[PDB]
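One chain follows as structure tokens, the form deposited in one PDB entry.
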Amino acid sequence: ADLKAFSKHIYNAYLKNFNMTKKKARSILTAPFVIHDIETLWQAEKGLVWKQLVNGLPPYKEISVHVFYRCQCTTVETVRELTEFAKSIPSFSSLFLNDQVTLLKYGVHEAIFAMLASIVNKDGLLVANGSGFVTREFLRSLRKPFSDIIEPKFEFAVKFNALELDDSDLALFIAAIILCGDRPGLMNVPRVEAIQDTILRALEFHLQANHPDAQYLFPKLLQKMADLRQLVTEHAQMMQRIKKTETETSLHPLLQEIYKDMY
């Protein structure tokens, strides 16, 4: 059907399902309590409202692990949102449920690291629904291997933010990431490949209207999708190293299901 109406339905599903949009994020980043060390982190854990109460975080262990647990909490919450967003797409919900799980399994991290740029600048990122701002420099200061899993996302993010997508672009781009026919173990590859093609056509149609003067932005974005696959590969490898060497660190079982059969 019409790609304009298609794009608009995806945009609405996005606004309906993501509490933090790039619009809101940039309105904040241009105030949040700044977290740049242990003291301000401690002040934040007492004065800021977090979706997940510390309380129920895995019992405390140390500062680098505590930050990791907050990262893991926000990841799982974003997987939740991405799942409802995908289900809010009729062609996704028409797939058999096992293919829906396959697509989410192998796509959510690519999508999540794409959306992360919306809440990032070169100096840190928003946390706790925009009420906090954690400094990139602080996160660099965590002990390995926790610092190493973080900085690569910043690098991708700052480059990705140079393309100046808005939320209406992102909605289509994230949909293209999820509805990807290359994922291992997909049952109905032709059906998923055909949905992906419609989304990609819609995306190019959208960028022509929304970004009339930006040449090469569509192929640029196709390359970011390739880049995101490599970012997630390396991320999954780092998470396997943490599972092996940080045996006291608690790993959410949903995320371990995601990494189970990755290499």
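All residue numbers are counted from 1 along the displayed sequence. We call the rigid core the largest set of C-alpha positions that still match within 1.5 Å between the two forms. Residues that one form lacks are left out of the comparison.
- Annotation: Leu53 belongs to the positions left without coordinates in at least a third of the other compared entries, with flanking residues modelled.
- In this entry, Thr30 is separated from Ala31 by 4 to 9 residues of the deposited sequence that have no coordinates.
- Higher mean CA temperature factor, per the PDB entry, when comparing 124-132 with 169-177: 124-132.
- 106-114 and 84-92 differ in mean CA B-factor, and the higher of the two is recorded for 84-92.
- The residue among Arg70, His235, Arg201, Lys46 whose C-alpha atom has the highest B-factor in the PDB entry is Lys46.
- Among the modelled residues of its chain, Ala162 has a C-alpha B-factor that falls in the highest third according to the deposited record.
- The deposited CA B-factor of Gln52 belongs to the middle third of values across its chain.
- Ranked by C-alpha B-factor against the other modelled residues of its chain, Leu228 falls in the lowest third.
- Among all modelled residues in its chain, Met239 ranks in the lowest third by Cα B-factor.
- In the PDB entry, a CA B factor belonging to the highest third of its chain's modelled residues is recorded for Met20.
Just so it is clear, the following notes concern the form deposited in another entry, a form of the same protein that is not shown.
- Here the rigid core is superposed between the shown form and the other one, and of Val54, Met225, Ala194, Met238 the C-alpha of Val54 is the only one to shift by 2 Å or more.
- When the rigid core is held fixed, the Cα atom of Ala214 travels 2 angstroms or more between the shown form and the other one.
- Distance between the C-alpha atoms of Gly56 and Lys61: shorter in the other entry than here (change of 3 Å or more).
- Expansion of the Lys51-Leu125 CA spacing by 3 Å or more is recorded in the other entry, set against this form.
- In sequence order, the runs of at least 3 consecutive residues whose Cα atoms each shift by 2 Å or more between the shown form and the other one, relative to the superposed core, are 49-60, 214-216.
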